[PDB]
Amino acid sequence: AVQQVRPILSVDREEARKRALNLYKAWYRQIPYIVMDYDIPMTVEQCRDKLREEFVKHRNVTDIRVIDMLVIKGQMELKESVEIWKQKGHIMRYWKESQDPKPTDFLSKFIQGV
Amino acid sequence: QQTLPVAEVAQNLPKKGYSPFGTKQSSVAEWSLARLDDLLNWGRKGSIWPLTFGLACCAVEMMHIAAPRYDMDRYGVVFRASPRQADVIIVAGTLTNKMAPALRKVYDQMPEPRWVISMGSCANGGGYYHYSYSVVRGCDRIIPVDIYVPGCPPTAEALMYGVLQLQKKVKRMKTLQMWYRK
Amino acid sequence: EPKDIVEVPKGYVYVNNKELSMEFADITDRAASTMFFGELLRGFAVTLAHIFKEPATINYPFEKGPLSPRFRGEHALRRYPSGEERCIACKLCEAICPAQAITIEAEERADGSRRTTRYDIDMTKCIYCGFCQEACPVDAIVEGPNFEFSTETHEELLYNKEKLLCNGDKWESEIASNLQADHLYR
Amino acid sequence: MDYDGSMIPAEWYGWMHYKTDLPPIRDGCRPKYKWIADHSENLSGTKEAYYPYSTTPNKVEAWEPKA
Amino acid sequence: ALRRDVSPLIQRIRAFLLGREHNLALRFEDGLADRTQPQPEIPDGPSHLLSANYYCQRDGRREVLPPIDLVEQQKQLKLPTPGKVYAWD
Amino acid sequence: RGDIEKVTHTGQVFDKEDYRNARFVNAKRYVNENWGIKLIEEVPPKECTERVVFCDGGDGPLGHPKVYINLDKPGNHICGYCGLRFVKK
Amino acid sequence: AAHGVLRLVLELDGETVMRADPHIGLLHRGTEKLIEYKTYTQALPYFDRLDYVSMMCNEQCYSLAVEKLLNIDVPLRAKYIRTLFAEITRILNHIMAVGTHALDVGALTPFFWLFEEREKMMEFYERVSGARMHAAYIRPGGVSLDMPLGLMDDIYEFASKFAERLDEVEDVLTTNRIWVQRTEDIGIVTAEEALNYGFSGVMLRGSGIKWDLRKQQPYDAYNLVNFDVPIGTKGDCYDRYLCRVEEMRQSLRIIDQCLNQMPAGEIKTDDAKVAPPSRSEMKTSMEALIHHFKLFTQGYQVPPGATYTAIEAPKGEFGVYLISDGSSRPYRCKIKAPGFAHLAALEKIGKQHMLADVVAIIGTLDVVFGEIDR
Amino acid sequence: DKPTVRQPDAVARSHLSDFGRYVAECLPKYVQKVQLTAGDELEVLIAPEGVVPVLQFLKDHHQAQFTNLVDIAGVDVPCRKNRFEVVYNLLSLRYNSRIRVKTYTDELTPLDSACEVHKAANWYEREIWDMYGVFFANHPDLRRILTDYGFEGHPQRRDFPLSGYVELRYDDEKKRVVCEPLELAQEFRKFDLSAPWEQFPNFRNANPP
Amino acid sequence: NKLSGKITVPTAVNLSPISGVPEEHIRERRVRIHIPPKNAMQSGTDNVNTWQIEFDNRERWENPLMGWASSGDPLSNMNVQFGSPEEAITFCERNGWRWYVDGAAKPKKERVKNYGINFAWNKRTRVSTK
Amino acid sequence: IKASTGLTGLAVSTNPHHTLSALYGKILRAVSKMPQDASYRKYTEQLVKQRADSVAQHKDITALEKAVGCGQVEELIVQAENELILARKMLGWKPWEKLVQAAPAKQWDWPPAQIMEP
Ligand code: SF4
Ligand code: SF4
Ligand code: SF4
Ligand SMILES: [Zn+2]
């Protein structure tokens, strides 16, 4: 079920990690600047914590190509935060603080509607 | 729904007064505070300074009003560029997501008493792009709108009619007279 | 006239081919223009002159206009000369409405007639395009000529059938005039 | 001093806009039906203001325990 | 007596200052058309001709074909240039 | 206030204990005064001779599309569009 | 001077602008997706919204696209009306560009004097279509509706006086030293650099290229009008401004030719399956009613295919690439507005000029918004 | 004798037709097919690898000299295994003619970049990248253009809801604008405008596999 | 040792994360691949020749204000077309959805549909009227 | 001598014949390296040689302009230079070879998404 297809950037899973971890470097190194530049509530530790979870967001990615794109997205978002194109609203977006975590257990769902 | 009075009813009725409050004030403090409100409203009513946000398509009418056919500075309206010196904001055109935080920021950087006119359908309720992934459905969801000028765009007459309606709202606002009760 | 600088064929006009002469009368002319701002004087006197043209400001709302019989403004649901509702809920107006600003729900009135129950327009979604009236097969709905319908509250703009019928009653005379003007022509 | 743009009535509106050259005093060919209302201003920001509301009687009937 | 104009003096100076003979710009009822006009009749069309007017033998939408493959066109069967050379120079 | 009591011809009154009444504490509940059902009732049923009549309701192209209504039945016959009423007898 | 939309992220040293990143997309209104969901007739106003300064030219582009797909032709009278209003829009757009440009530089009086005359033209749009701007007057089967009597004459006097009005501002502002030095030799656009960046319109025509869509790929009744386009040889904002001014003058004589020769006849393609029938016929005959019914509810199936078209819109070669899947609903509608490429080149055009020069460059680009992001 | 039906420029069809064969037999390895759409335009269907060679060939060779690259129009078509299609619509001032180049690609494999060929394209590749997600290889800077910052998904795809997944408002607790799950006052009412009766026979069996 | 950097990868590449759809929809919603139903009171059948996918209805209430049909569910109208079910299943997997095909129909069995049977000497199938 | 080329940047160039001749020589050799069964080759020689044969008879630059058509010499040299780059790239591209890839079935078929009879 294999296909002999073009690459994008990374030719092997290890190069993929090499690229993926490079991004993790830029983001870790950037966090303090954004805490200063963007006047938002978030603090360095929380921003670091979210960065960890947000990589964990997709741990079981497998395809070399898919993981390459995820890194391509990150390098973009890095630059948009590195330079201050984004806005305090845009950067906080990662927390989703407007909506309360909706009910999850069956009764709370049942008693609160579909 | 009500309707205008008929010729003979008008004949019976007296002058409609000038200050919308009327001249029924009881005591000296009441009567005095009525006049000071009238003066304040007169100042804020006669001189009103739009900010000229004017994103799009609607903006062209926002310029035609400045044009010499339906002259607007005739009424005491001037386009100050700087929001710190602008008293009113005529939000006109569509409000995309990229713009939403910008409009919010511009609005509250302006000092009050600040009134917003939502010109055009695109600002009123998102207009023709209402079911779009990128547009703020209306501008009521970013800022407190004061006057709605329907149209796509509103004919210039319609826009400055709305301006006069804002002047009427600025005329009847009760701040000193009713602080006295507060 | 000075000669050109690029030879031009037809179907074109070069707007800079004219040469800046070096003739002494020509240079001294330009020099005098710069030394005494003749060109500014020409423009200066123009604006002085053009004070003496009467301004074209309409003394609104006393003086006002002009429009044309086809102007697309406030919506109105007309009624037959008997007073009966013209709309039959054919729902074309909704089917064509580019903004989907129209909502209709129709049933049978007790007489057995095909008529609307709810007929709604959102003039915060309408574009005043007039596709609705161009489509309606009985001229039930029309872009009435009123355009000063400005409201302080957003809710006040969402018209339902009661509001629309009221406008039709209020504006019937004018709408009758326009249609008599344009029906055979539209 | 409470003049308004909407004070013009229907029969005169067209003339006032250069929309009809026939003064209402002169052309009696316009309709003279009964149901026609009388004019009204932009009644807004006042107790006389319109406010929308559903124009469909409710959809589904609830079961009545008493009956 | 025809158009509201500033008094004749100011008119002459105004013409002097502009440097071109001035012609009025504001639109008067006299200047513009008879603002109420007779009812127009739109002449009937050439496809409204009453006979020999079959739709099937004049319709376009049913006439258009799919795109043709030029190589396969040849398989069924002056260096070429896209069109007349234009001296955009 | 009567404004929030009247029965819309469509047949709606907010129940006496229904929170949607609240929206009219400060604004009128417009209800139209002409009910088409009553008006068309008042209009008398026109009568003719021919088995089949035609109505456009309005006049010329200012009414509804021309419709032919047969009258052979004993009763009335209501125009589908305008609600005019016909009776042959 | 930023159209209310544009957001340039500039990096400056001293006062000069080194890096100039424009963030187009502060207006983008997902109009390609919406155009897909609606019907061809319903989709028509969208185009009039785009490049909102150009009212009718945008519609004519779309109508030509559909007519090329449907394999239909409009009658001469419809062609001439389209031509007439194509040029009236040309005068509208160029007034808008000149007036905005005059404010960019800081001259108020020109803008106001011209916006007086802009009111007369809009009134004409109002006379025909019933809307100040944003008519729907041009439609696939030709124009939506006939013209009211006497509108010909009123156009004549308006054209009669426009020479005076344009010359008043022209004499005031063309020669003026401040304006000349303020615009001249700003953002030189060499010929080769112009082509490889995908330019068009008076920008291209100003840089020296003798190209134009009207004379080369004629699409409307322009076959029957003789006239000359203007061309510059300096590629400055100034001589570009002159080209626009002469274009106003040349358009004027185009209205002379067309308005003089206007023939009688129908005002709509004869195919009642394509354009709606008239109300008079509708209320009597049967298939007129069916066609009225089906066109307004379902629209008309357009034969499958992809087609491109372009028009000499005032901003430049405005184009619509339209793909139809055979249904009544367009499958894909990509729109090429000239302002797009015209603005991308700014990042290179604006290099090292002063800040005041950058603003004036944005003006001479005349990148009206809506057409850029949508 | 059918004034309604237009008559194309036949001689233009002649020139484009012979020229099209010229292109096919000059670039055998790349040109997959060359067809002449009935609208008189000329389409050139290539494989994804030859994108730059075709464009470079066109802009340069005497007989093509197609210098201006009008746009990069992106088309999405599910049910084509590699669906995302691209269109390079070019002009030639020397000969006064238009040509269209077309290619395909999936949502995953990258695609050649025209930045190195025509400087005009630079923004367009950014536009398709934002609007579909079609990567471009060797593109200098692939920053998004239109969509707002931190926008997830590429809306012009046909598997993307019209109104998007989220929408913005303003918070007072936070003095800031927050994105929220979608919530529509009146759900967008589609209309099912499907033809029951085939209105076009000519395209029925034509173009079959 | 390369063909312009070609690589060997599995054909079935899940693209849920790159896609951008929120995981809530991905994890709580199915897809109903089928052929659109034939309208009962029609007779042309050139709109049921395609294989179509859509998402199950979530909810619709009515706006308290104006009695519209409010719906806070984005993929309600979403609708896509395919040429064959296997194509759609291939697509649906690549976008990481849950789906369950709905078998359209077996090939129509020929019906004799003779005209003469309307008029028979013995068979019951003689028409009562014309 | 013509004063201007009528275009910005495109300057008046002397010795056009020498430049055009030199450009034609190089491109001819550039195609010389090509294989003998390449359509690109087959035509470039005849076209270029037609140009490079027209270069001589008309010493006057304006006369040569009319004889060659296709635009003025100033652009015309650029046309030649473009093609020089084309040949060098063309040799590097090997496009005379046969099809690299066959389109998948139903790739270039319009309209899409319609069932079929096997
Ligand atoms: S409301 Fe109408 S005029 Fe205003 S921006 Fe929207 S489309 Fe343009
Ligand atoms: S088109 Fe006219 S008759 Fe039909 S539903 Fe709409 S308003 Fe009523
Ligand atoms: S004018 Fe146009 S948008 Fe407004 S209700 Fe009528 S059809 Fe709909
Ligand atoms: Zn009737």
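Residues numbered from 1 in each chain as written, not as in the entry; some residues may be left out. Chains lettered and ligands numbered in written order. Part of a larger assembly, values for the part shown. Heavy atoms only, no water.

> Sorry if this is basic, but what is going on with the site of ligand 1 here?
Close to ligand 1 lie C57, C58, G93, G120, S121, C122, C152 and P153 of chain B together with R49 and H134 of chain G. Positioned at a junction of chains, ligand 1 has nearby residues supplied by chains B and G. Of all the secondary-structure elements, those providing two or more residues to the shell around ligand 1 are α3 (57-64) and α5 (120-125) of chain B. The dominant element in the shell around ligand 1, judged by the number of residues it contributes, is α5 of chain B, at 3 residues. Here the shell around ligand 1 is built from residues that sort into 5 nonpolar, 4 polar and 1 charged. (Near = heavy atom within 4 Å. Helix = DSSP H or I, 4+ residues; strand = E, 2+ residues; numbered from the N terminus. Nonpolar A, V, L, I, M, F, W, Y, C, P; charged D, E, K, R; others polar.)

> Can you help me understand the interface of chain C and chain F in this one?
Quoted interface sizes are often the accessible area lost when the parts come together. Listed per partner, the contact involves 22 residues of chain C and 23 residues of chain F. A combined buried area of about 1,800 Å² lies between chain C and chain F, and 57% of that area is made up of carbon and sulfur atoms. Taken together, the links from chain C to chain F amount to 0 salt bridges. Remark: the boundary between chain C and chain F carries 7 residue pairs in polar contact. Those elements that provide at least two residues to the side of chain C that touches chain F are β4 (114-122) and α5 (161-182) of chain C. With 6 residues, the top contributor of residues to the side of chain C that touches chain F is α5 of chain C. (Contact = heavy atoms within 4.5 Å. Buried area = accessible area lost by both parts, 1.4 Å probe. Salt bridge = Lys/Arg side-chain N within 4 Å of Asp/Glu carboxyl O. Polar contact = N/O pair within 3.5 Å; in protein donor to acceptor, adjacent residues only side chain to side chain.)

> Please explain the site of ligand 3 as it appears in this structure.
With respect to spatial proximity, the complete set of residues near ligand 3 consists of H75, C97, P98, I102, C126, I127, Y128, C129, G130, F131, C132 and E143 of chain C. Its residues assigned to classes, the shell around ligand 3 shows 9 nonpolar, 2 polar and 1 charged.

> Sorry if this is basic, but what is going on with the pattern of salt bridges here?
When the charged atoms of two side chains lie near each other, side chains of opposite charge can form a pair. For the coordinates displayed, the defined rule picks out 71 salt bridges over all chains. In this structure, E317 of chain G and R98 of chain H form a salt bridge, with 3.5 Å as the shortest nitrogen-oxygen distance. On the criterion of chain membership, the pair formed by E317 of chain G in strand β7 (residues 316-324) and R98 of chain H in strand β5 (residues 97-104) is interchain, its members lying in two chains. Across this residue pair, the class does not change: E317 of chain G and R98 of chain H are buried. (Buried < 20%, exposed > 50% of the residue type's maximum accessible area, 1.4 Å probe, protein only.)

> In this structure, what is going on with the coordination of the zinc ion (ligand 4)? I would like to understand it.
The expected angle between donors at a tetrahedral four-coordinate metal is 109.5 degrees. At an octahedral six-coordinate metal it is 90 or 180 degrees. Residue and element names in this part refer to chain F. Binding of the zinc ion (ligand 4) to the protein goes through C55 (SG), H64 (NE2), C79 (SG) and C82 (SG), at separations of 2.0 to 2.3 Å. Around the zinc ion (ligand 4), the 4 donor atoms are arranged such that angles at the metal cover 100 to 122 degrees; this shape is classified as tetrahedral. Site description for the zinc ion (ligand 4): donor spacing in sequence, C-x8-H-x14-C-x2-C. Remark: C79 occurs in the loop between β4 (77-78) and β5 (85-87) and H64 occurs in the loop between β2 (52-55) and β3 (67-70); sequence separation between them is 15 residues. This pair shows no difference in class: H64 is buried, exactly as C79 is. (Donors = N, O, S within 2.8 Å, 3.2 Å for Na, K, Ca; no water. Tetrahedral: all angles 85-135°; square planar, octahedral: opposite > 155°, others 65-115°.)

> Could you clarify how one ought to interpret the side chain of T31 of chain G in this entry?
The residue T31 of chain G is located in helix α1 (residues 31-37) in this model. Its relative accessible area of 1% is what places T31 of chain G among the buried residues. Excluding residues that lie within four positions of it along the chain, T31 of chain G makes contacts with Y129 of chain B together with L50 and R374 of chain G.

> When you look at unusual backbone geometry in this model, what are you seeing that I'm missing?
For residues besides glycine, phi is generally negative; the peptide bonds are generally trans as well. Of note, the amide linkage connecting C152 of chain B to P153 of chain B takes the cis form, showing an omega dihedral of -5 degrees. Going from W110 of chain J to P111 of chain J, the amide bond is cis rather than trans, its omega being 0 degrees. With respect to the helices, strands and loops of the structure, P111 of chain J is situated in the segment after α4 (73-93). The backbone of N207 of chain H sits at a positive phi, close to 55 degrees, despite the residue not being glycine. For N207 of chain H, the location among the structural elements is in the segment after β7 (176-181).

> Looking at this structure, how should I read the sheet that holds strand β4 (residues 85-92) of chain H?
In any sheet, the strands associate via hydrogen bonds between backbone groups, in a parallel or an antiparallel arrangement. Here 6 strands make up an open sheet; going across it, the order is β1(E)-β1(H)-β2(H)-β5(H)-β4(H)-β3(H) and the pairing mixed. At either margin of the open sheet sits one strand with a lone partner, and together these are β1 (68-69) of chain E together with β3 (68-75) of chain H. Inspection of the sheet shows strand β2 (residues 42-46) of chain H paired to β5 of chain H by 3 bridges, in the parallel sense. Bridge pairing in β5 of chain H places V44 of chain H opposite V101 of chain H. (Pairing = 2+ DSSP bridges.)

> Explain the nonpolar core here, please?
General note: in soluble globular proteins, nonpolar side chains tend to be found buried as a group. With 320 residues, the main nonpolar core has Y119 of chain C, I24, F47, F85, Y137 and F199 of chain G together with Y88 of chain H as its most contacted residues. Residue contributions to this core peak at 13 residues, all from helix α4 (residues 76-105) of chain G. The contacts of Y137 of chain G, once residues within four sequence positions are left out, are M56, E59, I81, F85, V128, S129, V143, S144, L145, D146 and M147 of chain G. By size, the runner-up hydrophobic cluster in this structure holds 41 residues, among which are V77, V88, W115 and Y161 of chain B. (Core = buried A, V, L, I, M, F, W, Y, C linked by side-chain atoms within 4.5 Å.)

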